[PDB]
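Student: Give me the fold of what follows.
(7 chains, ligands or ions: 125)
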Amino acid sequence: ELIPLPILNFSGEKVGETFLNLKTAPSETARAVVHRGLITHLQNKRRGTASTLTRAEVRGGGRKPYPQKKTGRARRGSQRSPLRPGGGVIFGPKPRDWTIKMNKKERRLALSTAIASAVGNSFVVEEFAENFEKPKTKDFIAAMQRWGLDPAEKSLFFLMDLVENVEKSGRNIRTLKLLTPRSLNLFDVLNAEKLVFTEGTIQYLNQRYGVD
Amino acid sequence: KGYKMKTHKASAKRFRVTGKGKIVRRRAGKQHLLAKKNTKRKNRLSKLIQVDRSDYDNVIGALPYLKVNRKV
Amino acid sequence: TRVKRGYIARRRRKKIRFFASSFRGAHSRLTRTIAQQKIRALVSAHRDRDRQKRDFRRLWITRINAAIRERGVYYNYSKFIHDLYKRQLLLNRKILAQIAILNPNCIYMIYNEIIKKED
Amino acid sequence: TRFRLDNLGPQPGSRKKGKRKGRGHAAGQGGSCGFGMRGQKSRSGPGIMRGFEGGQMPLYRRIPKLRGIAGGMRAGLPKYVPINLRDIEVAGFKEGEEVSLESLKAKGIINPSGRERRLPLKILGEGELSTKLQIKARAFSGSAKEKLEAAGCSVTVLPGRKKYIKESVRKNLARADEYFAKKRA
RNA sequence: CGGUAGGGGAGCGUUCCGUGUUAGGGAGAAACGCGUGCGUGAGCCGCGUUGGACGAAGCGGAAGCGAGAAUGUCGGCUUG
RNA sequence: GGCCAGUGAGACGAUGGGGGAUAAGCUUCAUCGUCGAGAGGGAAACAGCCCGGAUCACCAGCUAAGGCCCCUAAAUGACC
RNA sequence: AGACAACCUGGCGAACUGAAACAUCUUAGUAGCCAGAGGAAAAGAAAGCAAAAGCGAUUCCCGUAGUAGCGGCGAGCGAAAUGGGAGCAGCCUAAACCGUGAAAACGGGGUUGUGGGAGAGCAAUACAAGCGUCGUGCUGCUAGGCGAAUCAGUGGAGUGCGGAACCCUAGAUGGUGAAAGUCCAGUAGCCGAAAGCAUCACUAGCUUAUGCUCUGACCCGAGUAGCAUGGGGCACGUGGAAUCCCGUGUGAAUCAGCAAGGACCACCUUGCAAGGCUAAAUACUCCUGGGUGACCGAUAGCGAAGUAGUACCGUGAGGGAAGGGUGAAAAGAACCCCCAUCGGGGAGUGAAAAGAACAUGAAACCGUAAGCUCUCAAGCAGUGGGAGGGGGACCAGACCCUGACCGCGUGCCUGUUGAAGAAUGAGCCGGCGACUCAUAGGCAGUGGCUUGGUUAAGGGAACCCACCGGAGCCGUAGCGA
Ligand SMILES: [Mg+2]
Ligand SMILES: [Mg+2]
Ligand SMILES: [Mg+2]
Ligand SMILES: [Mg+2]
Ligand SMILES: [Mg+2]
Ligand SMILES: [Mg+2]
Ligand SMILES: [Mg+2]
Ligand SMILES: [Mg+2]
Ligand SMILES: [Mg+2]
Ligand SMILES: [Mg+2]
Ligand SMILES: [Mg+2]
Ligand SMILES: [Mg+2]
Ligand SMILES: [Mg+2]
Ligand SMILES: [Mg+2]
Ligand SMILES: [Mg+2]
Ligand SMILES: [Mg+2]
Ligand SMILES: [Mg+2]
Ligand SMILES: [Mg+2]
Ligand SMILES: [Mg+2]
Ligand SMILES: [Mg+2]
Ligand SMILES: [Mg+2]
Ligand SMILES: [Mg+2]
Ligand SMILES: [Mg+2]
Ligand SMILES: [Mg+2]
Ligand SMILES: [Mg+2]
Ligand SMILES: [Mg+2]
Ligand SMILES: [Mg+2]
Ligand SMILES: [Mg+2]
Ligand SMILES: [Mg+2]
Ligand SMILES: [Mg+2]
Ligand SMILES: [Mg+2]
Ligand SMILES: [Mg+2]
Ligand SMILES: [Mg+2]
Ligand SMILES: [Mg+2]
Ligand SMILES: [Mg+2]
Ligand SMILES: [Mg+2]
Ligand SMILES: [Mg+2]
Ligand SMILES: [Mg+2]
Ligand SMILES: [Mg+2]
Ligand SMILES: [Mg+2]
Ligand SMILES: [Mg+2]
Ligand SMILES: [Mg+2]
Ligand SMILES: [Mg+2]
Ligand SMILES: [Mg+2]
Ligand SMILES: [Mg+2]
Ligand SMILES: [Mg+2]
Ligand SMILES: [Mg+2]
Ligand SMILES: [Mg+2]
Ligand SMILES: [Mg+2]
Ligand SMILES: [Mg+2]
Ligand SMILES: [Mg+2]
Ligand SMILES: [Mg+2]
Ligand SMILES: [Mg+2]
Ligand SMILES: [Mg+2]
Ligand SMILES: [Mg+2]
Ligand SMILES: [Mg+2]
Ligand SMILES: [Mg+2]
Ligand SMILES: [Mg+2]
Ligand SMILES: [Mg+2]
Ligand SMILES: [Mg+2]
Ligand SMILES: [Mg+2]
Ligand SMILES: [Mg+2]
Ligand SMILES: [Mg+2]
Ligand SMILES: [Mg+2]
Ligand SMILES: [Mg+2]
Ligand SMILES: [Mg+2]
Ligand SMILES: [Mg+2]
Ligand SMILES: [Mg+2]
Ligand SMILES: [Mg+2]
Ligand SMILES: [Mg+2]
Ligand SMILES: [Mg+2]
Ligand SMILES: [Mg+2]
Ligand SMILES: [Mg+2]
Ligand SMILES: [Mg+2]
Ligand SMILES: [Mg+2]
Ligand SMILES: [Mg+2]
Ligand SMILES: [Mg+2]
Ligand SMILES: [Mg+2]
Ligand SMILES: [Mg+2]
Ligand SMILES: [Mg+2]
Ligand SMILES: [Mg+2]
Ligand SMILES: [Mg+2]
Ligand SMILES: [Mg+2]
Ligand SMILES: [Mg+2]
Ligand SMILES: [Mg+2]
Ligand SMILES: [Mg+2]
Ligand SMILES: [Mg+2]
Ligand SMILES: [Mg+2]
Ligand SMILES: [Mg+2]
Ligand SMILES: [Mg+2]
Ligand SMILES: [Mg+2]
Ligand SMILES: [Mg+2]
Ligand SMILES: [Mg+2]
Ligand SMILES: [Mg+2]
Ligand SMILES: [Mg+2]
Ligand SMILES: [Mg+2]
Ligand SMILES: [Mg+2]
Ligand SMILES: [Mg+2]
Ligand SMILES: [Mg+2]
Ligand SMILES: [Mg+2]
Ligand SMILES: [Mg+2]
Ligand SMILES: [Mg+2]
Ligand SMILES: [Mg+2]
Ligand SMILES: [Mg+2]
Ligand SMILES: [Mg+2]
Ligand SMILES: [Mg+2]
Ligand SMILES: [Mg+2]
Ligand SMILES: [Mg+2]
Ligand SMILES: [Mg+2]
Ligand SMILES: [Mg+2]
Ligand SMILES: [Mg+2]
Ligand SMILES: [Mg+2]
Ligand SMILES: [Mg+2]
Ligand SMILES: [Mg+2]
Ligand SMILES: [Mg+2]
Ligand SMILES: [Mg+2]
Ligand SMILES: [Mg+2]
Ligand SMILES: [Mg+2]
Ligand SMILES: [Mg+2]
Ligand SMILES: [Mg+2]
Ligand SMILES: [Mg+2]
Ligand SMILES: [Mg+2]
Ligand SMILES: [Mg+2]
Ligand SMILES: [Mg+2]
Ligand SMILES: [Mg+2]
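Tutor: Residues are numbered from 1 along each chain as shown, chains lettered A, B, ... in the order given. Ligands and ions are numbered 1, 2, ... in the order given. Take a look at the structure below.
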């Protein structure tokens, strides 16, 4: 690797160095690849809930000139249409699905490019799981500030484990995301200010996405 | 279940495609009144001719599943 | 996502209307009329920026003609100009018209040079 | 040079903005939208059939139906997966290796679909093989097995599935063989 | 380097989403009114003895996205 | 060759002709010009005649067709 | 018995339309009507597929495939088998025979298919499996309860700002004079049900049950199958027209049989019609409870934010509108004056009068005041030139308003060979108002992989999404009916 990574113990002293080496998008297309990967994500996340009534859903037509003036909806000699108030909506939204597709390998590429950009931030950690027994948020934040994470700026903890105490201890900070590999999004990696890995985690990422 | 385009069947019993991808058809006029057509003519009307570039549009538009190189 | 047209209309209209200030009658009121009237204004304007260049030459030439005809019985615009040229002077018609009104003695001098040399 | 949600953006040329017809003339196709004046092509709704010329008898109609199709003679269908020796050369076959069908899915040179799944294999001469390979297929072209037996390769031809023949026609086809046999001996 | 039908290239704006529970905002936001300001233009930027709480720029995404014509259509107000 | 449009009512003028009455701003063809889709000047006004093909600015200059008594730019010029 | 939105099953069953006309065909067994039942319905335990290798009731999705085919071979219609998933479940009865009757019935026995059963003899017997009153059980639902942590300053109000602190298994949400993790109700977490409901286990009990040998004589669903005709439906339009189901008429065979394998015959394979019943996977929203929203915000969203199916209109079936925002709080203006009331002007309330026809308040339209200007004048009302007069400036030679007179100047749109047209259209102003979406085919531009590329349905810490899912599909051989 072209850069080391600091490994800090639970106190915050630097114990070691690691290397996270991934498949990177060629320099030209990176911004496109990632971009696309992101767009796709956000677009599949979308639920078309916007619904209208077409000209034929609208209640209570009959085909005829109106016999008497409906104040605001029509006048005396007029024909039924979309062009009234209360008329159908021409080309209005119907419930959709926005779901598009992207190649698996392209996906993974975006993920890798993202995380391989984020190596100017990232730490590693000595796998703190045991130091939490009773869930304590106060404690988690203590630990954070020891590692130099401002409990403001939106950081990402990528671990293998969800140890219940840790899981709950982090639940209520708005700026943390605690990710298993089961939930790992391009989105959150892009979104995070600081990246945090464990040893097992680096071992995982450097394998799945390893450059040959 | 979407809608996939339907092959126009009356055009696909008429035209086909050669291995290199060009469209061909039969020639019209050998079925009857043969006696009065000279044998040289009768031979000419028996072979397979490549369809006239002009028609390619209509043809192509009605046979969406036919693999066709227009030589680009 | 429904989109009302909102103000995007009335800004355009208002910015048009500003143009049409001081048009008599309904050319200063109704938007629909005001539109047309704006176009025609801009149009005549463009036209007469071109007419202009024709017109002042018209004028200047006329004034020059009058200014010279005072001197000789037989003398013209045409004769004059011809002589300005066979004497190699560059003064164009704006300048001779302005010197005709604003410094008449000067034009008399010029004429005296042209005559002396044509003599 | 780090990626965030804000430094992202597309590649020039990728997403090209769409024509929105019927807005303004200065823009694009305004008014008419690029349909010109009137008539049937500029009218809303389903057009006329794609193969239809004006009522003059359409090209596809005035031309005679293709030979076999025209009557309902069943169309021709590939009955073997053809492989030439080219492909077998290119692939990673070391000597002694069994070619067969399976070992060509393994190295992926043939990816068969449903119809092709159910099919047998056939070997067609093209390209000059250099190696001794053990081949198993249901058929060969003449040229094929000529070049193969020339190179020193063992050609194992696989049994096709038996055709069920009723007893009487066995008696006939066997009566034949009895005749040939009594004659030669 | 005139230009209709028509084709191609480059842009502006509207509402909404991501960044974002953003910058900014009862020391006055949106809007409304103004400009000796800047644009090829769509428009932008600045200003307010109006207004009273929201909401830019940038880099991206999506459309119920731009009106002067439809004997359009609904309200309002004229003329006679 | 690919992708992908409109057009498929034309008008007059010059020339060659046919129909008609060597009638029609008539009608129908042929080789051209302009209008269509072309602004400017000359034609009193005046799609199709003459000059000329308008990127834009200039209170500069030279010319085309056409003009030089006054309306209205230039000779109330010269010689037959 | 009646009621019941959509879905479903059965019964009747169109037409515009498409075919650039139309009659076969299409629309479409759609709409509509009628009847019926359910939370789903229907279908369903091989007289089935297939092809010489195998599968093992039904339904639903992906795929095969717009393939084979059908078709005035026109418009169009359009499979299945293999393959991948979801989901799984198999049972009662007739007849032979044995009892009881005169019957008709009842009771035992008996239910299968590379055959069973009845018949005649000899062996095994105890476990296993299915159903289920009663009842404390388990869980959930129908009320609830406990629930951490802040202060002062700042112009009506502080949740904002500057400055200090704190909780977090709680930084969901709503409210509060102004935007709040720490003010209220709440949330995480944790407790809680006398009564009823629901899924589950258990629950006495009720059910069933094996094994072999001999015997082609007994049974194995009759007005049935088939056949002749008339039709219907199967992707399949009478076609060589199978399989399926009905009118009229005829009319079999029992396992040494009968049916199916796309006329038909032979052979082989597969199966057992003419008795029933069955859960799930799938469809739907008059609704109920949670949740999300690149959904609306009073011309929108339901027709309906107020008497909304109301007012009103119609004999009747039926049609069918409009009217939202004083303020934080009514503190909704005591008292005096004009004064018959309404309405107003003061005072008082209030941050503001925002004063009840009350929040921002554009345009048309109606005026009032101030600056310049029109009564010898011909004009799509402008424009270039600018006399005279006036106004706010800081680059005072500029800007802004007015406009003596001269020049030039045939509204806009549509549509036409061609228009100022006496050609169409618009009273004016503001809103609403049109190349949209889904799915496929072709082409282009961008990426990704090219150790060929890619997955579909499906599964997913709810979605998204990691990771799966190679069934398929595209490219690797053509020629030929
Ligand atoms: Mg209707
Ligand atoms: Mg509506
Ligand atoms: Mg090929
Ligand atoms: Mg023949
Ligand atoms: Mg074409
Ligand atoms: Mg909106
Ligand atoms: Mg609109
Ligand atoms: Mg003016
Ligand atoms: Mg589009
Ligand atoms: Mg364009
Ligand atoms: Mg227009
Ligand atoms: Mg077009
Ligand atoms: Mg039109
Ligand atoms: Mg056309
Ligand atoms: Mg049509
Ligand atoms: Mg249609
Ligand atoms: Mg069609
Ligand atoms: Mg034929
Ligand atoms: Mg072939
Ligand atoms: Mg293939
Ligand atoms: Mg041009
Ligand atoms: Mg154009
Ligand atoms: Mg903007
Ligand atoms: Mg804006
Ligand atoms: Mg906005
Ligand atoms: Mg802020
Ligand atoms: Mg402002
Ligand atoms: Mg806004
Ligand atoms: Mg602006
Ligand atoms: Mg901008
Ligand atoms: Mg406020
Ligand atoms: Mg922004
Ligand atoms: Mg719309
Ligand atoms: Mg209007
Ligand atoms: Mg009206
Ligand atoms: Mg009036
Ligand atoms: Mg013609
Ligand atoms: Mg014609
Ligand atoms: Mg036409
Ligand atoms: Mg002519
Ligand atoms: Mg002529
Ligand atoms: Mg001649
Ligand atoms: Mg004559
Ligand atoms: Mg003639
Ligand atoms: Mg003519
Ligand atoms: Mg000429
Ligand atoms: Mg035209
Ligand atoms: Mg031209
Ligand atoms: Mg001209
Ligand atoms: Mg002229
Ligand atoms: Mg010329
Ligand atoms: Mg030129
Ligand atoms: Mg030019
Ligand atoms: Mg000259
Ligand atoms: Mg003169
Ligand atoms: Mg003379
Ligand atoms: Mg009932
Ligand atoms: Mg009833
Ligand atoms: Mg019911
Ligand atoms: Mg019909
Ligand atoms: Mg009809
Ligand atoms: Mg028709
Ligand atoms: Mg028709
Ligand atoms: Mg169900
Ligand atoms: Mg049922
Ligand atoms: Mg079974
Ligand atoms: Mg059975
Ligand atoms: Mg299957
Ligand atoms: Mg399964
Ligand atoms: Mg099963
Ligand atoms: Mg019995
Ligand atoms: Mg029994
Ligand atoms: Mg058998
Ligand atoms: Mg047997
Ligand atoms: Mg027995
Ligand atoms: Mg409490
Ligand atoms: Mg509390
Ligand atoms: Mg405070
Ligand atoms: Mg604070
Ligand atoms: Mg809150
Ligand atoms: Mg709770
Ligand atoms: Mg037997
Ligand atoms: Mg029959
Ligand atoms: Mg039939
Ligand atoms: Mg049949
Ligand atoms: Mg059958
Ligand atoms: Mg079959
Ligand atoms: Mg029937
Ligand atoms: Mg019968
Ligand atoms: Mg019998
Ligand atoms: Mg039969
Ligand atoms: Mg069978
Ligand atoms: Mg039976
Ligand atoms: Mg049957
Ligand atoms: Mg049965
Ligand atoms: Mg049933
Ligand atoms: Mg209203
Ligand atoms: Mg409404
Ligand atoms: Mg409003
Ligand atoms: Mg009072
Ligand atoms: Mg009284
Ligand atoms: Mg009073
Ligand atoms: Mg007061
Ligand atoms: Mg007070
Ligand atoms: Mg108001
Ligand atoms: Mg007079
Ligand atoms: Mg006067
Ligand atoms: Mg006048
Ligand atoms: Mg004038
Ligand atoms: Mg005039
Ligand atoms: Mg006409
Ligand atoms: Mg008019
Ligand atoms: Mg016209
Ligand atoms: Mg006309
Ligand atoms: Mg109108
Ligand atoms: Mg009118
Ligand atoms: Mg009218
Ligand atoms: Mg629109
Ligand atoms: Mg279209
Ligand atoms: Mg689309
Ligand atoms: Mg496409
Ligand atoms: Mg590529
Ligand atoms: Mg999936
Ligand atoms: Mg799922
Ligand atoms: Mg899903």
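Student: Mind telling me which residue of chain D is nearest chain A?
Tutor: Closest to chain A within chain D is residue D:11: 3.8 Å, counting by Cβ to the nearest Cβ. All C-beta atoms are positioned from the backbone trio N, CA, C, and that covers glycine.
Student: can you check chain C too?
Tutor: residue C:1 (7.0 Å).
Student: State whether residue A:86 is indeed within a helix.
Tutor: No. Under DSSP: H, G, I helix; E, B strand; the rest coil, residue A:86 falls outside any helix and is assigned coil.
Student: what about the residue nearest to the spatial centre of chain D, which helix or strand?
Tutor: Centroid-nearest residue in chain D, with Cα atoms, centre = their mean: residue D:78, separated by 8.2 Å. Taking DSSP states H and E as the definition, one finds residue D:78 inside no helix or strand.
Student: Name the nearest residue to it, ignoring sequence neighbours.
Tutor: Using Cβ to Cβ, 6 or more residues apart in numbering or on different chains and skipping the chain neighbours, the partner closest in space to residue D:78 is residue D:119 (7.6 Å).
Student: okay but the one you found is in contact with residue D:110, surely?
Tutor: No. Using Cβ atoms under 8 Å, residue D:119 makes no contact with residue D:110, being 10.2 Å away.
Student: Name the residues contacting each of these two.
Tutor: By Cβ atoms under 8 Å, 6 or more residues apart in numbering or on different chains, residue D:119 and residue D:110 have these common neighbours: residue D:81.
Student: For the closest residue to residue C:34 other than its chain neighbours, give me its contacts.
Tutor: Computed as Cβ to Cβ, 6+ apart, the closest residue to residue C:34 that is not its neighbour in sequence is residue C:20, at 4.8 Å. Residues near residue C:20 by Cβ under 8 Å, 6+ apart: C:27, C:28, C:34, C:37, C:38, C:41.
Student: Among those residues, name the ones in helices.
Tutor: Applying DSSP state H to those, the entries found in helices are C:34, C:37, C:38, C:41.
Student: picking that back up, which two among the contacts of residue C:20 are spaced furthest apart?
Tutor: By the measure Cβ to Cβ, C:28 and C:41 form the most distant pair in the contacts of residue C:20, at 12.0 Å.
Student: did I read that right, the residue of chain D closest to chain A in a helix?
Tutor: No. Assigned with three-state DSSP, residue D:11 falls outside any helix and is coil.
Student: And for it, the neighbour number?
Tutor: For residue D:11, the neighbour count with other Cβ atoms under 10 Å in any protein chain shown is 13.
Student: which residue ranges form the strands in chain B?
Tutor: Under the criterion DSSP state E, chain B contains strands at B:16-17, B:23-25, B:49-50.
Student: Among these, show me which one is buried the most.
Tutor: Among these, the stretch with the highest mean neighbour count (mean count of other Cβ atoms under 10 Å in any protein chain shown) is strand B:23-25, at a mean of 18.
Student: tally of neighbours for residue 53?
Tutor: Defaulting to chain A. Around residue A:53 there are 13 other residues, counting by other Cβ under 10 Å.
Student: could you do chain C instead?
Tutor: By the measure other Cβ under 10 Å, the count of residues near residue C:53 is 10.
Student: for it, helix, strand, or coil?
Tutor: Residue C:53 ends up helix, using three-state DSSP.
Student: how much space between it and RNA strand G?
Tutor: 9 Å (Cβ to the nearest atom of the strand, to the nearest Å).
Student: Please apply the same query to residue D:30.
Tutor: Computed as Cβ to the nearest atom of the strand, the residue D:30 to RNA strand G distance reads 9 Å.
Student: try residue D:2
Tutor: Distance from residue D:2 to RNA strand G, counting by Cβ to the nearest atom of the strand: 19 Å.
Student: if I pick the residue nearest to that residue when sequence neighbours are not counted, what's in contact with it?
Tutor: Excluding the flanking residues, the one nearest residue D:2 by Cβ to Cβ, 6+ apart is residue A:117, at 4.7 Å. Neighbour list for residue A:117: D:1, D:2, D:3 [criterion: Cβ under 8 Å, 6+ apart].
Student: and the residue of chain D found nearest ligand 14, how many neighbours does it have?
Tutor: Relative to ligand 14, the nearest point of chain D is residue D:39 (4.3 Å; Cβ to the ion). Residue D:39 is flanked by 8 other residues according to other Cβ under 10 Å.
Student: same question, residue C:36
Tutor: Other residues lying near residue C:36 total 12 when counted by other Cβ under 10 Å.
Student: Please apply the same query to residue A:3.
Tutor: Counted with other Cβ under 10 Å, residues neighbouring residue A:3 total 11.
Student: can you give me the helices in chain C?
Tutor: Taking DSSP H to define them, one finds helices in chain C at C:8-17, C:31-69, C:77-86, C:93-102, C:104-118.
Student: Select, out of these, the one closest to residue D:28.
Tutor: Of all those, helix C:8-17 sits nearest to residue D:28, with 18.8 Å by Cβ to Cβ.
Student: for the closest one, packing partners?
Tutor: Helices and strands touching helix C:8-17, by 3 or more Cβ pairs under 8 Å, 6 or more residues apart in numbering or on different chains; DSSP states H and E, are helix C:31-69.
Student: quick one, the helix it packs on and helix C:93-102 angle?
Tutor: Note on geometry: by axes from the mean of the first three to the mean of the last three Cα atoms, to 10 degrees, helix C:31-69 and helix C:93-102 are set 70 degrees apart in direction.
Student: for helix C:31-69, the distance to its chain's centre please.
Tutor: 6 Å (Cα atoms, centre = their mean, to the nearest Å).
Student: What helices and strands are in contact with it?
Tutor: Going by 3+ Cβ pairs under 8 Å, 6+ apart, helix C:31-69 lies up against helix C:8-17, helix C:77-86, helix C:93-102, helix C:104-118.
Student: Adding distance to residue A:101, write those helices out as JSON lines.
Tutor: Converted to JSON lines, the helices and strands packed on helix C:31-69 look like this (distance: least, Cβ to Cβ, whole Å):
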{"stretch": "helix C:8-17", "distance to residue A:101": "37"}
{"stretch": "helix C:77-86", "distance to residue A:101": "82"}
{"stretch": "helix C:93-102", "distance to residue A:101": "74"}
{"stretch": "helix C:104-118", "distance to residue A:101": "87"}
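Student: Quick one: those helices as JSON lines, columns for distance to RNA strand E and mean neighbour count too.
Tutor: Conversion of the helices and strands packed on helix C:31-69 to JSON lines gives the following (distance: least, Cβ to the nearest atom of the strand, whole Å; neighbours: other Cβ atoms under 10 Å in any protein chain shown):
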{"stretch": "helix C:8-17", "distance to RNA strand E": "4", "mean neighbour count": "12"}
{"stretch": "helix C:77-86", "distance to RNA strand E": "32", "mean neighbour count": "15"}
{"stretch": "helix C:93-102", "distance to RNA strand E": "27", "mean neighbour count": "16"}
{"stretch": "helix C:104-118", "distance to RNA strand E": "36", "mean neighbour count": "14"}
